[PDB]
Amino acid sequence: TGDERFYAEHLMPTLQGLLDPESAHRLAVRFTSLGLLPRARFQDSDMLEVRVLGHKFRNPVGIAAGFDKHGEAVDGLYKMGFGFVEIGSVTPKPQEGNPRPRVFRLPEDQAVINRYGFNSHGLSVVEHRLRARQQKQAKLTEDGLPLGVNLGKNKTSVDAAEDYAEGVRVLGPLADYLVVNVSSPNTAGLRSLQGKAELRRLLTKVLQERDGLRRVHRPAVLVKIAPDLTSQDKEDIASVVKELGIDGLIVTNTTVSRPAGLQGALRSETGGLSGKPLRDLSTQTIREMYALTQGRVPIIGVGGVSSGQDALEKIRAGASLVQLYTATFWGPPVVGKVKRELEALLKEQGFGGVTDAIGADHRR
Ligand SMILES: Cc1cc2nc3c(=O)[nH]c(=O)nc-3n(C[C@H](O)[C@H](O)[C@H](O)COP(=O)(O)O)c2cc1C
Ligand SMILES: O=C(/C=C/C=C/c1ccc2c(c1)OCO2)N1CCCCC1
Ligand SMILES: O=C(O)c1cc(=O)[nH]c(=O)[nH]1
């Protein structure tokens with residue numbers, strides 16, 4: 001009607017018109033965290049519910065890692081209508097990340113490039129922040145609004161696996177799921193952790209630590225992967241995930257590629273690209289990972305989602321849930337928009353609900 005259109009066509013280009021990207025991010029985290037936005041009006045239909053990873057998800061649309069790196073805005077994100085929230089990436093020690101400027105808008109492409117470099121308050125800060133609302137989150141989770149916590153590695157860390165292990169020990173007890181983020185393009189060497197041998201060693205240690213947690217505090221573990229992997233890397237990932245019983249995959253992070261056709265002035269900035277130009281590359285990665293794992297490994301699909309169609313494409317390709325972030329362009333109304341369009345499409349296409357559509361392209 002008019003709620004979306006005051007944001008898509010006014011307020012945001014006003015601010016994006018004024019505010020440097022990193023300033024906009026920081027203000028939005030602050031604004032969201034204080035709950036200053038009206039509560040979303042879209043009431044989730046039962047067709048949007050999904051049961052996966054040991055939990056109920058009231059709707060399958062989450063906020064991707066990177067928006068709330070330090071766990072400050074979780075409640076306001078649920079108020080905006082996200083079915084689930086992922087915070088992080090969080091690193092063991094605090095660290096500042098790269099020098100500014102380090103995040104760039106490509107408005108002609110509906111894309112962003114970032115090179116934050118894991119700016120993080122650190123495990124200890126985030127631990128206390130989540131502990132202060134831990135019981136409130138236990139109720140949200142029971143009511144179908146689960147919390148994920150995404151783990152990174154410090155820049156100077158001399159043992160990657162021990163950084164991730166420490167994350168499991170400190171934040172695992174506060175998370176419904178953890179993510180081993182081995183796919184940031186902005187930390188040197190990190191993506192080589194995706195190789196077969198390094199991945200198997202790393203994930204064995206992660207899983208052992210997770211399994212050492214008390215039962216009520218024992219999160220699902222997912223591995224978040226890049227869109228830029230070879231066929232061999234994808235094969236190798238699928239094989240490790242199955243051998244170890246990894247609980248799921250997040251597909252995908254940002255891309256270090258620069259697709260032909262980008263128009264933004266800032267297209268050759270170093271960093272990960274997000275948004276529309278990533279969309280189909282991510283969808284295709286989902287598609288491949290789903291087939292490689294025989295449809296038995298839950299995938300959270302992410303990259304370039306800004307509509308119901310985008311979401312349903314990923315769900316049909318094999319995602320059980322989806323996330324968005326970059327769709328910074330449209331503001332909060334995009335959340336209810338994706339959800340309502342996805343419900344309309346599932347009905348049009350003859351699905352009883354999201355669950356029935358998961359992986360449907362592979363059974364055509
Ligand atoms: C500014 C920014 C910061 C990000 N930081 C993180 C992060 O810390 N950890 C992570 O796993 N993914 C990070 N991402 C990636 C998103 O989680 C997501 O995988 C990617 O942006 C694709 O989705 P989108 O096109 O909806 O934004 C970041 C993305 C952006 C744009
Ligand atoms: O993360 C952001 C922006 C996020 C904006 C998030 C957001 C924007 C408008 C809002 C809001 C939250 O609540 C009410 O109106 N970045 C700016 C562009 C580049 C990437 C960082
Ligand atoms: O630079 C970051 O912190 C970051 C960016 C990104 O695109 N992906 C990620 O995993 N981390």
Side-chain angles (χ1 to χ4, degrees), residues 6-7 11-12 14-16 19-38 40 61-70 73 76-77 79-80 86-91 95 97-98 101-107 110-120 148-153 155 179-187 190-191 222-227 250-256 266 270-279 281-282 285 300-306 310-311 314 322-335 338:
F6 180 83
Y7 273 84
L11 167 55
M12 303 299 315
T14 270
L15 302 165
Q16 298 202 303
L19 291 183
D20 89 266
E22 187 165 343
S23 298
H25 187 173
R26 296 174 65 84
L27 189 165
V29 168
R30 184 56 171 170
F31 229 67
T32 297
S33 60
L34 297 174
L36 288 174
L37 296 85
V61 180
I63 176 71
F67 173 67
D68 189 7
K69 277 164 178 293
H70 329 297
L77 290 157
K79 190 181 183 185
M80 228 181 259
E86 191 172 309
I87 66 150
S89 291
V90 193
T91 60
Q95 66 170 40
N98 288 316
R102 61 198 178 166
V103 64
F104 306 95
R105 288 183 184 106
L106 289 54
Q110 299 169 48
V112 165
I113 291 166
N114 91 81
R115 46 165 178 276
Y116 269 110
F118 288 164
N119 60 304
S120 179
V149 171
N150 183 310
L151 303 180
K153 170 191 105 74
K155 179 183 184 176
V179 184
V180 182
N181 186 10
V182 295
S183 58
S184 176
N186 303 322
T187 300
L190 189 79
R191 288 173 297 148
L222 294 86
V223 171
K224 182 164 181 182
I225 68 170
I250 304 196
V251 185
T252 61
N253 214 313
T254 57
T255 181
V256 301
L266 303 180
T270 287
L273 180 76
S274 68
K276 204 211 308 198
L278 170 63
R279 176 178 68 209
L281 179 67
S282 291
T285 311
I300 300 179
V302 55
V305 175
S306 69
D310 302 336
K314 277 181 164 54
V322 305
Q323 300 168 322
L324 56 87
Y325 177 10
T326 298
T328 75
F329 282 115
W330 306 120
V334 81
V335 188
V338 170

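Counting from 1, the numbers follow the sequence of the chain as shown. Just so you know, these numbers use all the heavy atoms, side chains as well, and skip hydrogens, waters and symmetry mates. For ligands, and for the atoms within them, numbers begin at 1 and follow the listed sequence.
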If we only count heavy atoms from C-beta on, is the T254 to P185 side-chain gap below 4.5 Å? yes
Any N/O pair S183/ligand 3 closer than 3.5 Å: no
State whether the side chain of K79 and the backbone N or O of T32 hold a donor-acceptor pair below 3.5 Å, judged by distance alone. no
Looking only at atom types and distance, does a side-chain atom of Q16 sit under 3.5 Å from a main-chain N or O of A24, one as donor and one as acceptor? no
Working to the nearest 0.5 Å, report the span between CH2 of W330 and OG of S306. 7.5 Å
For ligand 2, run through the N/O pairs with the protein that fall under 3.5 Å and put one pair on each line.
from, atom 1, to, atom 2, distance (Å)
ligand 2, 1 (O), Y325, OH, 2.7

Within ligand 3, which atoms have a heavy atom of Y116 less than 4.0 Å away? 1 (O), 2 (C), 3 (O)
Side chain, backbone, both or neither: which applies to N98 and ligand 3 if a contact is any heavy-atom pair less than 4.0 Å apart? neither
Are any of the N or O atoms of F118 closer than 3.5 Å to those of ligand 3? yes
Show the nearest heavy-atom pair for residues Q110 and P277, with the distance to one decimal. O-CD, 4.1 Å
My understanding is that we take every heavy atom of each candidate and find the minimum distance to atom 9 (C) of ligand 3. Doing that for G117, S184, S120, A226, which one comes out nearest? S184
For residues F67 and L77, determine if any side-chain heavy atom of one lies less than 4.5 Å from a side-chain heavy atom of the other. yes
Would you say the side chain of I250 lies within less than 4.5 Å of the side chain of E86, judging by non-hydrogen atoms? yes
Checking the N or O distance criterion of under 3.5 Å, is ligand 3 in contact with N181? yes
Answer yes or no: is there a donor N or O on one side and an acceptor on the other, between the side chain of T91 and the main chain of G152, under 3.5 Å? no
Taking only heavy atoms of the protein into account, state which residues are under 4.0 angstrom from an atom of ligand 1, in chain and number order. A64, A65, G66, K69, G88, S89, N114, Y116, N150, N181, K224, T252, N253, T254, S274, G275, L278, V302, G303, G304, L324, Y325, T326
Does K224 approach ligand 3 within less than 4.0 angstrom via side chain, backbone, both or neither, non-hydrogen atoms only? neither
Euclidean distance, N253 CG relative to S89 OG, rounded to 0.5 Å: 7.5 Å
Is a donor on one side and an acceptor on the other found under 3.5 Å between the side chain of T328 and the backbone of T326? yes
Could you check whether any side-chain N or O of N98 sits under 3.5 Å from a backbone N or O of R115, counting only pairs where one atom can act as donor and the other as acceptor? yes
Heavy-atom side-chain proximity of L324 to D310 below 4.5 angstrom: no
To atom 8 (N) of ligand 3, the nearest of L278, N253, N150 on a heavy-atom basis is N253
Would you check the N or O atoms of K69, main chain and side chain alike, for any that come under 3.5 Å of an N or O of ligand 3? yes
So, does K314 use its side chain to make a donor-acceptor pair with the main chain of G303 at under 3.5 Å? yes
When you compare the side chain of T252 with that of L281, does any pair of heavy atoms fall below 4.5 Å? no
Classify the contact between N114 and ligand 3 as side chain, backbone, both or neither, using a heavy-atom distance cut-off of under 4.0 Å. side chain
